[PDB]
Amino acid sequence: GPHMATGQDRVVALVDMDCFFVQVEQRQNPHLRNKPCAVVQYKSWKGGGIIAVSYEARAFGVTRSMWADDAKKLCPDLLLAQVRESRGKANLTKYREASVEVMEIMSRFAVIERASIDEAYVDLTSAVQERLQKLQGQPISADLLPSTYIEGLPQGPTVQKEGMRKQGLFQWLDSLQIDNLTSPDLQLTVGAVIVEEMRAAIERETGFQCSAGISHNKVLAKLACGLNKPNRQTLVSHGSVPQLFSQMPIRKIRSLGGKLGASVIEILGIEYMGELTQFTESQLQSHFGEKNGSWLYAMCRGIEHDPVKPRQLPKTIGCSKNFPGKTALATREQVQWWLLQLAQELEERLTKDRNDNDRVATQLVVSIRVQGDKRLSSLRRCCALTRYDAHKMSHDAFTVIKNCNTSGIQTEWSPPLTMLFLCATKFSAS
DNA sequence: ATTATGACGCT
DNA sequence: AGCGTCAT
Ligand SMILES: Nc1nc2c(ncn2[C@H]2C[C@H](O)[C@@H](COP(=O)(O)NP(=O)(O)OP(=O)(O)O)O2)c(=O)[nH]1
Ligand SMILES: [Mn+2]
Ligand SMILES: [Mn+2]
């Protein structure tokens, strides 16, 4: 009872940009704004592959992973923007720079954890304590939460979406105890006020809209963020978890969408996250390992301890290109030329990183895939990265992979390569 | 012939 | 160190 810690110590937010690459292209080209729009890489094969979709286009069924030609079948008026091509490959520099814009704004409010190109976690615990001190017990006005949904409300005792949102927010605010500076629900609420301010700053200063989740940990904040996209934020309280999880398919929780989640479902004969509560911690550890079992036991009760890492910058800088079907690399000249192209992009990105961020990578990872292997990587080899020189990096990558070529002929490469990947890692302050 | 990444766990 | 998983 009283000693049963409830995972309510922290306030954590997850901010995720809406259809990010689409918004970057819509800012640049006003003709794409408020239209069914998608971003594609390449063009020749099936119109190119879609990686981002505006919410207008999603209404027609357009999705990530779809070929543009098929998307045009669903939505003939779909507008398309192509990712830049440099040195023969997709070049994502424009979106990385737009990402830095957003991350720098977020960092004004709190130390952030960059989780991807378009989303970051925020530990708002301390900022919430400060704003609570300033409030002096003043209640929180619904006017300060103009885009916030409270998950699970309204309940009990109404036709429009905004009306439902305000109804739920009113129920939430009317139930709040604002004389208690340690009430977790009050803390989440103040956290949501701060996130409204953060999202307002992002849109004012970049033109980009985002959604957000506010809860007591990273997994619940990420799930919350998804509930009311786009351009809205959602508060998931500790108390909302039993109802939320009672119908939540296990695969919706981050990290359970793959083989482990499928094993949970098959071994335990369950479907929803809430069903996990009936097992003991030892039972779950016995099926899924000590770490996974402890994580599942806590997570199905809304409890998770993974910290928001103080990390605004990526830990690695990498360059990769697939060579599918008949484009697979089958000569030594080909393999060398593409290693050079990747290494030249890598050198450019690394040199800009060193100038911006006062650090130097010290290890080069070379990964390849060979024809007939379904795995992502067929082989990974590291070597030393001592100079930011593309010619040296590509020569070193060739040296570490060249023993892969089973061809007796010096010129031919067999079996052909379906992927090259260069990744700079193990950064040190310079 | 989804593709270009990036994070992290395991042994 | 090299490989596998998860993500998207
Ligand atoms: N190159 C590449 N980029 C990708 C891929 N998948 C996503 N991206 C890029 C393009 C995406 O714009 C960006 C962020 O990924 P999300 O947050 O998962 N999707 P979004 O922000 O579009 O929509 P939502 O409003 O639902 O969050 O990552 C991929 O497979 N490859
Ligand atoms: Mn996004
Ligand atoms: Mn994202």
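When reading the values below, keep in mind they use all heavy atoms of this one structure, side chains included, and skip hydrogens, waters and symmetry mates. So you know, we letter chains A, B, ... as the sequences are listed, proteins then strands, and number each from 1.
A:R349 has its side chain within reach of A:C319: a pair of non-hydrogen atoms, C-beta onward, lies under 4.5 Å apart. At a threshold of 4.5 Å between non-hydrogen side-chain atoms, the residues A:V122 and A:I194 do not count as touching. The closest side-chain heavy-atom distance from A:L364 to A:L346 is below 4.5 Å. Put simply, the side chain of A:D353 reaches to within 4.5 Å of the side chain of A:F427, judged on heavy atoms. No side-chain heavy atom of A:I303 sits less than 4.5 Å from a side-chain heavy atom of A:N217.
By the 4.0 Å N-to-carboxylate-O rule, A:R27 lies close enough to A:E101 to be salt-bridged with it. Under the 4.0 Å criterion applied to side-chain N and carboxylate O atoms, A:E205 and A:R108 are assigned as salt-bridge partners.
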In a table with atom names and distances, give each donor-acceptor pair under 3.5 Å that connects a side chain of residues 256-276 of chain A to protein atoms at least two apart or in another chain.
residue : atom : partner : partner atom : Å
A:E275  : OE2  : A:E271  : N            : 2.9
A:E275  : OE2  : A:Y272  : N            : 2.9

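Checked against ring-ring contact (aromatic ring centres under 6.0 Å, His included), A:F421 has no partners two or more places apart in sequence or in another chain. Checked against side-chain hydrogen bond (donor to acceptor under 3.5 Å, both in side chains), A:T425 has the following partners two or more places apart in sequence or in another chain: A:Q363. By the ring-ring contact (aromatic ring centres under 6.0 Å, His included) test, A:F20 pairs with A:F208, sequence neighbours left out. A:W67 is linked by a side chain to side chain contact (heavy atoms under 4.5 Å, CB included) to A:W45, A:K46, A:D70, counting only residues two or more places apart in sequence or in another chain. For A:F323, the ring-ring contact (aromatic ring centres under 6.0 Å, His included) criterion is met by A:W338, not counting sequence neighbours.
Rounded to the nearest 0.5 Å, atoms CG (A:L80) and SG (A:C37) are 7.0 Å apart.
Of the N and O atoms on the side chains of A:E281 and A:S294, at least one donor lies less than 3.5 Å from an acceptor on the other residue. If you check the side chains of A:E151 and A:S240, you find no donor sitting under 3.5 Å from an acceptor. A:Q336 and A:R332 share a donor-acceptor pair across their side chains, judged by distance under 3.5 Å alone. When only modelled atom types and interatomic distance are considered, A:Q28 and A:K94 share a side-chain donor-acceptor pair under 3.5 Å. A:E196 and A:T148 are linked by a side-chain donor-acceptor pair at a separation below 3.5 angstrom, with hydrogens and angles left out of the test. When only modelled atom types and interatomic distance are considered, A:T234 and A:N228 share a side-chain donor-acceptor pair under 3.5 Å.
Among the candidates A:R10, A:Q8, A:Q129, the single residue satisfying the side-chain hydrogen bond (donor to acceptor under 3.5 Å, both in side chains) test with A:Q187 is A:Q129. Applying salt bridge (charged side-chain N to carboxylate O under 4.0 Å, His left out) to A:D16 and the options A:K222, A:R199, A:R232 leaves one that passes, A:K222.
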